[PDB]
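Consider the single chain below, provided in structure tokens and representing the form deposited in one PDB entry.
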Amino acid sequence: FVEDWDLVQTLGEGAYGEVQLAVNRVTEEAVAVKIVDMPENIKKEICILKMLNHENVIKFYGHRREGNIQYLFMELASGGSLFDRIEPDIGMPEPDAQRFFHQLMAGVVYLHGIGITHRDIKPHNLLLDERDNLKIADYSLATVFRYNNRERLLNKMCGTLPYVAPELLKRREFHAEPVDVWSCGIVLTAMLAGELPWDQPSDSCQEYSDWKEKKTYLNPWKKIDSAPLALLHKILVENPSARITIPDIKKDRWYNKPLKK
């Protein structure tokens, strides 16, 4: 009810809906509430949200419906979003970026292990708790890619153009896991350079061509140290069947480099 919760401010607009800081009128407990005006989509999102139990995935509290409105309740992330830790044109200190990337991979390993693909990994959807632990949020595009140990291919275009893998723009059907790996590499670029490399990974985009031609003397690549850049060379591979897998990311030199807080 409008009687149990006070909507204090907008936190943002999700893939499908919008998120308010709600304060409990009785207890003053502060949560995040997703406000959904209108379906089969929301039933599927709630069901995926109920599956989730991991330190690097957002906590789901539950849901209420009142008419053509529905309410989803989640752990309010007191640290806000990763997006707000990225300084435009700078990024953030490499040790902070490595720790976030470790935590991002842990959450993605978890999701992939329960057969879920996120499909919209980007810094707006990566939240931080009071100890700066990263939480993967927004399951509005999430879907099953593995069930009874059998993989299904994706055949729907969605996500955010600067984060989408090139196969999603080109192939009728594609594997879910390499698409989420790609978007994690764009997140890593953003954290280390404070800029996105291209509007979209299409041959008509000059910045994408420049990367395929290995011009890493250009921005954002020249801002990035040789070790993390070597990892990005393995992640941002156009052919998803040649792209590095998460088990191999875990073996990468930069991924395993001790860095000072």
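In case it trips you up, residue 1 is the first one in the sequence shown, and so on. For clarity, a rigid core is taken as the largest C-alpha set superposing within 1.5 Å between two forms.
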(request) Check the entry and tell me how many residues of the deposited sequence have no coordinates between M38 and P39: none, 1 to 3, 4 to 9, or 10 or more. (result) 4 to 9
(message) If you average the CA temperature factors as listed in the entry, which stretch comes out higher, 251-259 or 4-12?
(response) 4-12
(request) Look over 167-175 and 70-78 in the entry and identify the one with the greater average Cα temperature factor. (result) 70-78
(request) Could you say which of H233, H54, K223, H63 has its CA atom at the highest B factor, as listed in the PDB entry? (result) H63
(request) In terms of CA temperature factor as recorded, identify the highest of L229, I42, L192, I58. (result) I42
(message) Splitting the chain's C-alpha B-factors into thirds, which one does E130 fall into?
(response) highest
(request) Using the B-factors in the PDB entry, rank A242's C-alpha atom against the chain and give the third, lowest, middle or highest. (result) middle
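A second form of this protein, the form deposited in another entry, is not displayed here; the remarks below concern that form.
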(request) Look at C47 and decide if its Cα position differs by 2 Å or more between this form and the one not shown after superposing on the rigid core. (result) no
(message) Does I246 move appreciably between this form and the one not shown, meaning a CA displacement of 2 Å or more on the superposed rigid core?
(response) no
(message) Once you overlay the rigid core, does the Cα of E28 travel 2 Å or further between this form and the one not shown?
(response) yes
